[PDB]
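Examining the three-dimensional arrangement
So you can see what is in the structure, the chains are spelled out below.
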Amino acid sequence: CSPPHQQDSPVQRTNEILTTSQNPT
Amino acid sequence: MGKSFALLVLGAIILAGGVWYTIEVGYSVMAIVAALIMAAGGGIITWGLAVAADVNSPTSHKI
Amino acid sequence: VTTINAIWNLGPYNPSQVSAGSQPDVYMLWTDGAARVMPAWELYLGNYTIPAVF
Amino acid sequence: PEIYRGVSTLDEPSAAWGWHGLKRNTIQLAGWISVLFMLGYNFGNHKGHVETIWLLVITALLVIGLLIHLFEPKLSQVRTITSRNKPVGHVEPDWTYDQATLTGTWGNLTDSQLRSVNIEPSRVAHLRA
Amino acid sequence: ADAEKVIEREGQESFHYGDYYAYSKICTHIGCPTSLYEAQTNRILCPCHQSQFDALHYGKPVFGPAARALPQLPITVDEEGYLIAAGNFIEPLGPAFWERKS
Amino acid sequence: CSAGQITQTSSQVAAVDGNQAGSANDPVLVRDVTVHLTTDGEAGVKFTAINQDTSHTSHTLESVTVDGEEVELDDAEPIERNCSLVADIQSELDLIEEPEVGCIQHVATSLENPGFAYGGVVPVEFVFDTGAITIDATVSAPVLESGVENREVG
Amino acid sequence: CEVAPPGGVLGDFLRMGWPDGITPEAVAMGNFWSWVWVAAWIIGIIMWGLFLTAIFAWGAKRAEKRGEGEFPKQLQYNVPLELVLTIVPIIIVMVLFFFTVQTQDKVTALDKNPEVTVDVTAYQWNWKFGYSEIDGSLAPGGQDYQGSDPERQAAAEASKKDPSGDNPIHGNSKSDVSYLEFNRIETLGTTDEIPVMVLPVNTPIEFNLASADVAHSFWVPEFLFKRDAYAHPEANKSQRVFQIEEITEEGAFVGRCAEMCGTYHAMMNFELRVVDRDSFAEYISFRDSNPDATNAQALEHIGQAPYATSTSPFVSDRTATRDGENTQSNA
Ligand code: HEC
Ligand SMILES: CC(C)=CCC/C(C)=C/C=C/C(C)=C/C=C/C(C)=C/C=C/C=C(C)/C=C/C=C(C)/C=C/C=C(\C)CCC=C(C)C
Ligand code: FES
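Residues numbered from 1 in each chain as written, not as in the entry; some residues may be left out. Chains lettered and ligands numbered in written order. Part of a larger assembly, values for the part shown. Heavy atoms only, no water.

Deposited coordinates in this entry are attributed by the record to cryo-EM, at a stated resolution of 3.1 Å.

In structure tokens:
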């Protein structure tokens, strides 16, 4: 009575930092 | 006379069961339930005393 | 003397927009209310599913 | 007072004019179906449990009502005497008629008492003879 | 503070782009737009029949007729700094139909 | 039922981008900690360090860093009890007045942008004389002067 | 009263839980209370005895065993005894009212010549104390200290009218605060700290109450006295000033709010700390000289507890308090 595939992950979401490419200046 | 003895005795341990639990648990929600057990014991004590009062001085003479 | 279904302030339909009070007409409210009170019981059978609105 | 289709006229005065008595088994069946549905209600996607308290209280009271309706217990009529009240075989005298006639409970009052109620005994001597 | 306590769905690990999440606006019960985002309780709400989806618990339903979580869209910034869809929905969005798996 | 011990109005935080650290029992609190990065490319760290140490052990912000990278800030006075060191980029700091009554002090900041992305979150590490405080903060643009900007198509 | 209670275990029983009190009129109120309780006990026992007599002496079974018959004497009226028993409570409440007037008038009289006057502000939900005037003996300057803040009180007087004009309440703005006194030496109570007002020993002291918000009340159980603090006390025709002849002994004493003000009515505690008269001069000179310093720092300057030892602040979290440790550790 709940969907088979609707499962919570084992991953604990340690932060994945993000960046963008900078101009050469 | 009559049931009043046993109805008191049954209460006297239940009251003892209550207050003991009250002095066991800390300040908590279960202390409320301990108070209820203690008060139930007191109620059965007075219930015994009241049936004793009725037996001592009946006022509904014919059963 | 009484306004009914003042469509001019509802705007035209587009599937991405909705209002808080969006019930059907009064004589249909019963069949809305049924959908509101059903406790979401849904069946899954392998490659198939019976939704909760059946 | 006749019985029509299972119900007595004394309980249902219009018993002969329509549909009056549902069988008690039907009431039980409807109640148990309702209890089953209301216990099913608590298997949805809700998170809180205040909902659970309301459902469980109402179903407990439903089951209590259905059990008493199933057995329909009874108590006896108590036969004690409390006070100057008297047992069932008593016959109550009409104290007002006695007062207004000087007969029965007001009969054979002495001269002093008859004077005490503003009634001269001279008008009453033959009545008490 | 609220992005700390997100629960990710199995297989939808990397769909977010930082603080940004992107769910489908179409309710999974009967398909009304959900559209009522409670900013503090973080519950996406559907006005048609009062379904509540936990935006932090991968859009899983928490109240109402809905039985299934909102599908999620992966997103990422492009070379120029706008936001783009980094993929397709992995799950059929909209109301369920008979042959929809789960 | 809504007025219980768990209540919706009680659990709320401010509608701001800045994260926050510290309970009512902690000595020094950081409120509204955010990494600002204006559209012109300049960047810095907005925050407010409030001292509430009941021991009256006045501190001095030794340093702040974003992902280990330095942020420039100078002229930070010690923060005695019930005082607030408000820090922000100079352009935004100029918009508000320093209060002559009250303990508040304004300080300017700036950091070289290593390539932080709008939307993402980065750690921020404060170190005062009495200890270090770590807190993740988001990256976003400063707020526009309200009412002046229109949606422009090109 | 001028006559002390019986004392001993009888006094403790007659007390019956009152604090001893730390002012002259507190002693007067306690003595009056003790003797009133004596008279009340006399009445209570001398009528419970008659009810017990009914329970045990006037029973029907006894009189029927004695052969009295089915009915008693059927007496209805005894007019002279009725008039005597009517006259008795008249005299009792009369002679009681005489001493009531005596003690009440020596309590409430506003002629005690204050050396210190403290303006007190009640607000939802904490206390703010401000030293209003101090006699030259205790003041820093030798001459009398006057604490009214010119700029901040000027703002209060300017709040009376014309916020571009609403002025509904008798020509003043509905948000008038000109009745509040703002002082430059102030102690401000918070949820993180219980406020503490510092007072000397053996000086006539004055309190000037007011309330920013709904009605509050100032209650010090060791004064055996409490007074309501109202918004716009002049408008209410309420007396906002009360004086104590002195405080007679040093120490820290809790004081509470005794008027239902709102949600956090129970959290609105304060402390009244009474200190040696020579130390009060040091306290006021310290607070005046370096105003940036907190109240706790001044209390450290005296050499006593920086925080209210009588009551600690309540925990402000609505879930942590379940296990009964609802007390915050000030230090
Ligand atoms: C408790 C007794 C309060 C007093 C006094 C004041 N406010 Fe308040 N405030 C309180 C709560 C419980 C909340 C959260 C619930 C809510 O309505 O948001 C708030 C919130 C605010 C906000 C919103 C902050 C935001 O990020 O949008 C503001 C701006 C605010 N409070 C200001 C404010 C001021 C200036 C007050 C005195 C003049 C004031 N509040 C009184 C509780 C209480
Ligand atoms: C469209 C059109 C045409 C119209 C409109 C719409 C519609 C269609 C509608 C319809 C409707 C209808 C038909 C309806 C119906 C209904 C019904 C019949 C219902 C029924 C129900 C029932 C139930 C729920 C039941 C219940 C029961 C119970 C609970 C019981 C109980 C018992 C007990 C407990 C015993 C004791 C007593 C007391 C306590 C009181
Ligand atoms: S359409 Fe969303 S709850 Fe039904």
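Further notes follow.
Moving on: the packing of helix α1 (residues 24–40) of chain D against helix α2 (residues 50–71) of chain D. Packed helices, taken two at a time, are described by the angle their axes make and the gap between the axes. Residue and element names in this part refer to chain D. Running from amino to carboxyl end, α1 crosses α2 at an angle of 160°, the nearest separation of the two axes being 10 Å. Between α1 and α2, the angle is such that the two are roughly antiparallel. α1 and α2 meet at a crossing whose hand is left-handed. Residues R24, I27, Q28, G31, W32, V35, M38 and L39 of α1 pack against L55, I58, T59, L62, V63, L66, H69 and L70 of α2. Across the contact of α1 with α2, the residue classes break down as 11 nonpolar, 4 polar and 1 charged. (Axes fitted to C-alpha atoms, helices over the stretch in contact; angles between N-to-C directions. Helix = DSSP H or I, 4+ residues; strand = E, 2+ residues; numbered from the N terminus. Parallel < 35°, antiparallel > 145°, perpendicular 65-115°, else oblique. Left-handed = near helix turned anticlockwise from the far one by under 90°. Contact = heavy atoms within 4.5 Å. Nonpolar A, V, L, I, M, F, W, Y, C, P; charged D, E, K, R; others polar.)

A separate point is the interface of chain F and chain G. Reports of interface size often rely on the accessible area that becomes lost once the parts have come together. Taken together, the 9 residues of chain F in the interface contact 10 residues of chain G. For the pair chain F and chain G, the summed buried surface comes to about 900 Å²; carbon and sulfur atoms form 40% of the total. For the chain F face of the interface with chain G, the top three residues by lost area are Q5, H56 and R81 of chain F, together amounting to 59%. Linking chain F to chain G there are 2 salt bridges. The partner of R81 of chain F in a salt bridge is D192 of chain G, and the shortest N-O contact between them spans 3.9 Å. Linking chain F to chain G there are 7 residue pairs in polar contact. A per-class count over the side of chain F that touches chain G returns 2 nonpolar, 6 polar and 1 charged. (Buried area = accessible area lost by both parts, 1.4 Å probe. Salt bridge = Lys/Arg side-chain N within 4 Å of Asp/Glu carboxyl O. Polar contact = N/O pair within 3.5 Å; in protein donor to acceptor, adjacent residues only side chain to side chain.)

Turning our eyes to something else, we now look at the interface of chain C and chain E. The interface of chain C with chain E comprises 22 residues on the first partner and 23 residues on the second. Counting the surface lost from both chain C and chain E, the interface buries some 1,700 Å², and carbon and sulfur atoms represent 59% of this. A per-residue breakdown of the area chain C buries against chain E is headed by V18, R36 and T49 of chain C, which together make up 27% of the total. Taken together, chain C and chain E are joined by 1 salt bridge. We note a salt bridge from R68 of chain E to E42 of chain C, for which the minimum N-O separation is 2.4 Å.

This next bit is on the sheet that holds strand β1 (residues 36–37) of chain E. By way of backbone hydrogen bonds, the strands of a sheet pair with one another, either parallel or antiparallel. Residues and elements named next belong to chain E. The 4 strands lie next to each other as β1-β2-β3-β4, forming an open sheet whose pairing is antiparallel. Where the open sheet ends on each side, the last strands, each with one partner, are β1 and β4 (60–63). Summarising the sheet, strand β3 (residues 52–54) and β4 pair through 3 bridges and their orientation is antiparallel. Bridging from a neighbouring strand, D54 pairs with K60 of β4. (Pairing = 2+ DSSP bridges.)

Another point: the pairing of strand β6 (residues 205–211) of chain G. Residue and element names in this part refer to chain G. For β6, the buried fraction is high: 7 of the 7 residues fall into the buried class. Covered by surrounding structure in β6 are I205, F207, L209 and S211 together with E206, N208 and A210, the residues of both alternating faces. Two elements, strand β1 (residues 116–123) and β6, share 7 bridges in a ladder whose sense is parallel. Following the sheet pairing, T121 is matched in β6 by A210. Where β6 lies against strand β9 (residues 241–244), 4 bridges are found, and the strand directions are antiparallel. (Buried < 20%, exposed > 50% of the residue type's maximum accessible area, 1.4 Å probe, protein only.)

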